[PDB]
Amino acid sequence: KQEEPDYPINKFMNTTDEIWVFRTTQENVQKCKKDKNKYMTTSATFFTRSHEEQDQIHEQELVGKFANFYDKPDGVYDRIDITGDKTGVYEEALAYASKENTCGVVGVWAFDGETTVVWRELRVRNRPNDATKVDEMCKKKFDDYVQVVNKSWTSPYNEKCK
């Protein structure tokens, strides 16, 4: 089995397009969850992460310091260590990215008060109104994962999202 390429998360998040959460295994679902990148250096990205509660937008300014997921020296930056999130997310890592980064599968690690909470999201550049144009290879990587961990997923997005 040929080794999959590492998926650079700095290239995935380097866009002015909104990156919407299209699928998630998160239990406490944030409706209309999305990211808007604002600035990026070689060591960190700066982005606005938002979601809606009762149709009202809640925003946070987050910082992600690039790193390699396996802590390999000089490895590909497929991971960000996150500061500024009041929900406790401290790391995300890009498990798959489509060509031109139109879609990505992102694992999330958070800390509540007791232990690390882990889930996974399928993220799409621009509004995923036409699901038939979202890369099926991206969907299948997410499907393969939810089959392995035996979990169901929901979609935080609908047209109503601001």
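Each residue number is its position in the shown sequence, starting from 1.
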(message) Averaging CA B factors per stretch from the PDB record, which one is higher: 42-50 or 110-118?
(response) 110-118
(request) Higher average CA B factor in the deposited record is what I'm after, so tell me if that's 20-28 or 7-15. (result) 20-28
(message) Just to confirm, going by the entry's C-alpha B-factors, which of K65, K33, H58, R123 comes out highest?
(response) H58
(message) Test of reading the entry: by CA B factor among the chain's modelled residues, which third contains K140?
(response) middle
